[PDB]
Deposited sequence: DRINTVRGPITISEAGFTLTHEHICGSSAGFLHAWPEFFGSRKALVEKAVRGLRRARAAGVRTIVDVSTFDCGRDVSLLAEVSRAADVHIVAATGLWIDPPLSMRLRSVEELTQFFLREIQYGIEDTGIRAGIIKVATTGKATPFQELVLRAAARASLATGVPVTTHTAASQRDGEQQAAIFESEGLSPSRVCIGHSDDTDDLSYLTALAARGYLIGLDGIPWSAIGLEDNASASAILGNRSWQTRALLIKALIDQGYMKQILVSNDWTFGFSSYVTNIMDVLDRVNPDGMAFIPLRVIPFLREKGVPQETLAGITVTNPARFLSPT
C-alpha cells in the first residue's frame, strides 16, 4: 500500500513494468460526459481502451500512469473501468495542463495547493480515487499562472511525497525554468520528471538536468510523421532518433534518471477531428510500442537487458513511491 491507483493502494512490487506518461483519453473537462458521441460512444471508447491495454499487458506492461489532468479531461471513472477490465494498474493524476479554464486560471497559489492536495488526500471528484502523481505544464516561457501551478505542485508534493511530472516545449529548454522554480520551493529533484524531453536532440540540456537528480521523461518515442496538422504534433524526427536518446543517457552514466513511455491515447478531442485515425496508422502497436519495438531495438544496438529492466521497473517504482 504505497502507490495510489484507480483501484486503490498497491505495493512497489505490484507495479512492475511501468509506462510513466500515458493517457486513456486526451480531452477537456466535462467533455466526455457532455459529448460521448464525439468518440463514437462512451462504450466504443471503453472497448478501444480495454483492447489496447490488454495488448500492452500481453507485451509486458503491468502499470501505466495516466497523466491527464482536470483540464485534459481526466475522467477517473473511465480509468477505473478500463483498469479493471484490462487488469492493468492505472495511476491517476492531479495538477493542471495547457488548457486551464477561467475557474482554474483566476486562482491563487494557495487555492491551487488546496485543489491538488484534495485530489491526492481526499479523492478526485466524488469517486474516492486518489491521485498518485502531479502533472504540470509550460509551452516556452512560463505564464504568471503557470508559475503558480509549478509552485502549488511543489507544495503539494512536499506535503504528500507524491511525484511531479511535466509537459515541456523541449526545444525551448523549459525544464531549466521549471527546475529553478521547483528548487526555489525546496522540492527535491528526485521527485520530478521533465517530460517531452525526447522532442529535442540537445544532449547537454538533458545530461545537466539528470546530473542534478531530475528524471528525464523520454515519453514520445512512437511520435513521427515520416499533412500540416499531423506534422505539427508528431514531428519530423524518427522513432529511432528519439529511442537513441535512451542509449545516449545510459552511456553517460544516467541510467537511473531515465523514464520511458509512449504518450499514447485512445480518444483525442483536444486536437483535430480524425487525429486518432492518423495516429493508429503511424503506430498500430499503441502502448505496446515500448516492449515490442523499442526494447528489441536497443538490444540490437548493444544495450543490456538488466539496465532496460532497471529503467522500466526500478526507476518508476522509486519515482512513484511517496517520499
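What the model leaves out of the deposited chain is one segment, 227-230.
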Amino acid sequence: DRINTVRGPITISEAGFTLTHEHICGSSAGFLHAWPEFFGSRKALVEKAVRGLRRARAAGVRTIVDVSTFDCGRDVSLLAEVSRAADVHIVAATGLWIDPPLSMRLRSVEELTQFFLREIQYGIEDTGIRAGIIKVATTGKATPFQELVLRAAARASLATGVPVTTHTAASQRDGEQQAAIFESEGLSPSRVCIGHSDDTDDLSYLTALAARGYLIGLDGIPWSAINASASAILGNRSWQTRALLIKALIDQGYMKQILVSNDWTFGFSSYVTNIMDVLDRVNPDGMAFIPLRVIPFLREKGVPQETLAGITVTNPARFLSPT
From here on, numbers count along this sequence of modelled residues.
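If you average the C-alpha B-factors over 237-245 and over 115-123, the higher value belongs to 237-245.
As listed in the deposited structure, the average C-alpha B-factor of 217-225 and of 85-93 is greater for 217-225. Taking only the listed residues 64, 294, 34, 29, the entry reports the highest CA temperature factor at 294. Within the listed group 261, 68, 283, 265, the record reports its top CA B-factor for 283. Ranked within its chain, residue 42 lands in the lowest third, by CA B factor from the PDB record. In this PDB entry, the Cα temperature factor of residue 19 sits in the middle third of its chain's modelled residues. When the modelled residues of the chain are ordered by their C-alpha B factor, residue 171 lands in the middle third. When the CA B factors of the chain's modelled residues are split into thirds, the value for residue 251 lands in the highest one. Among the modelled residues of its chain, residue 206 has a C-alpha B-factor that falls in the middle third, as given in the PDB entry.
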